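> What follows is a protein structure lacking sequence information:
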Ligand SMILES: O=C(O)c1[nH]c(-c2ccc(-c3nnn[nH]3)cc2C(F)(F)F)cc(=O)c1O
Ligand SMILES: [Mn+2]
Ligand SMILES: [Mn+2]
């Protein structure tokens with residue numbers, strides 16, 4: 001199909017390998033679940049851009065194998081005393097000293113935000129939701145990043161959506177899930 005062709009066109013080889021490993025973990029196949037494959041790449045890329053926009057302000061938990069990722073979280077918790085989250089989060093902010101959960105949605109940002117908040121119900125983990133329409137939503141409206149960084153992210157997301165559209169993959173992608 002053209003969805004896996006596109007993923008391999010637009011996402012750098014590391015991100016693809018990581019999303020393919022993520023899929024192969026629970027038995028999902030990128031050549032069948034092509035929309036989940038695109039979503040995995042996209043969210044991986046946003047996480048990586050987020051941490052790259054920060055002396056390293058952000059520690060990236062997402063994309064690591066569960067063993068390594070928990071090791072990183074447990075370390076952060078012992079040295080900072082921060083509360084240990086129930087679900088492995090996406091980033092750690094050393095400036096604000098808080099974990100972050102990153103969401104990327106094809107739906108309304110507040111729908112997905114409520115979904116994530118209710119999922120985590122840990123007051124300590126910060127939530128930042130991005131859409132493919134240049135919208136964001138974030139705990140207490142603390143967007144963590146400066147305007148240019150969040151614009152770089154919004155732009156890339158919009159660009160993925162528009163590349164899917166030029167290839168006629170957008171309507172399938174947006175009706176698929178989050
Ligand atoms: O594993 C994580 O940590 C994680 N997993 C997801 C996620 C969950 C379900 C689907 C899906 N799509 N269609 N069926 N299921 C896709 C994703 C993806 F965004 F990673 F692609 C979102 C997070 O934000 C997150 O942090
Ligand atoms: Mn995650
Ligand atoms: Mn996430």
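Structure received. Numbering: from 1, shown residues only. Ligands and ions are numbered 1, 2, ... in the order given.
> Now do the helices in this protein.
2-10, 13-25, 34-52, 66-80, 109-120, 147-166, 170-174 (DSSP state H).
> Run the contact check for the longest strand seen in the chain versus ligand 3.
Using DSSP state E, we find that the single longest strand of the chain is strand 98-105. Yes - Strand 98-105 comes into contact with ligand 3 (Cβ under 5 Å from the ion), by way of residue 102. For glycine as for every other residue, the C-beta is placed from the backbone atoms N, C-alpha and C.
> so which of the helices of the chain is the most packed in?
Greatest average neighbour count among these goes to helix 34-52 (a mean of 21), per mean count of other Cβ atoms under 10 Å.
> Output the contacting helices and strands for it.
On a contact count with 3 or more Cβ pairs under 8 Å, 6 or more residues apart in numbering; DSSP states H and E, helix 34-52 meets helix 2-10, helix 13-25, strand 58-60, strand 91-93, strand 98-105, helix 147-166, helix 170-174.
> Which among these is found nearest to ligand 2?
Nearest of the helices and strands packed on helix 34-52 to ligand 2, taken as Cβ to the ion: strand 98-105 at 6.9 Å.
> hang on, the earlier thing: how about the helices and strands packed on helix 34-52 in JSON lines, adding distance to residue 114?
JSON lines is the format used below for the helices and strands packed on helix 34-52 (distance: least, Cβ to Cβ, whole Å):
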{"stretch": "helix 2-10", "distance to residue 114": "29"}
{"stretch": "helix 13-25", "distance to residue 114": "25"}
{"stretch": "strand 58-60", "distance to residue 114": "25"}
{"stretch": "strand 91-93", "distance to residue 114": "21"}
{"stretch": "strand 98-105", "distance to residue 114": "11"}
{"stretch": "helix 147-166", "distance to residue 114": "20"}
{"stretch": "helix 170-174", "distance to residue 114": "19"}
